[PDB]
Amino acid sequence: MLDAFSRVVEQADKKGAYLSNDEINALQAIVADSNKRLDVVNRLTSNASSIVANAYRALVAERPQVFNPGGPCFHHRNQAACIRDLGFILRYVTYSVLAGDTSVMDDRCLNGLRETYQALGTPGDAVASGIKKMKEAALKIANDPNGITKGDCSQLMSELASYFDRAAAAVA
């Protein structure tokens, strides 16, 4: 498993060189916005249950055929499995905003996921739609101007939105 600091160390080791001026500075930039990064990691965690629950409610509305009889997700076992999987994606996107690196989401979550869904009969484009809705629902909560010191956390929203996009392009 790798974090943002250890990603650049693994690259620095592969060329047998110490970190350069630009490599220490771009990493010092992460320590500089770390307070805002941890605010994002807290907001997604606190509203975890809420983000996955509503993204589902929106997905069933967008694709009703999928969740009722004859669809890939009918039965209580399946409805729970879908919410669980959406809760997994979110939990790993949260781990990625913390690490600053995407290896955690990649290694133990997204690996043979497209293959799992293909072998199970689960769509993929419907899981991508679910992840996309979780993105929209996560950006509202994470960038809420209320109850926080006012500032700019744009590069965090861009990065957070990219991590959801990476999780959707892996199932579609």
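Position 1 is the first residue in the sequence shown; the rest follow in order.
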Quiz prompt | Given 13 to 21 and 156 to 164, the range whose Cα B-factors average higher in the PDB entry | solution = 13 to 21
Quiz item: Taking only the CA atoms, which stretch has the higher mean B-factor in the record, 52 to 60 or 128 to 136?
Solution: 52 to 60
Quiz item: Between 46, 28, 111, 103, which carries the biggest CA temperature factor in the record?
Solution: 111
Quiz item: Which third of the chain does residue 72 land in by C-alpha B-factor: lowest, middle or highest?
Solution: middle
Practice problem: Select lowest, middle or highest to describe the third in which the CA B-factor of residue 4 falls within its chain in this entry. | Solution: lowest
Quiz item: Looking at the C-alpha B-factor of residue 42, is it in the lowest, middle or highest third of its chain?
Solution: lowest
Quiz item: Is the Cα B-factor recorded for residue 34 in the lowest, middle or highest third of its chain?
Solution: middle
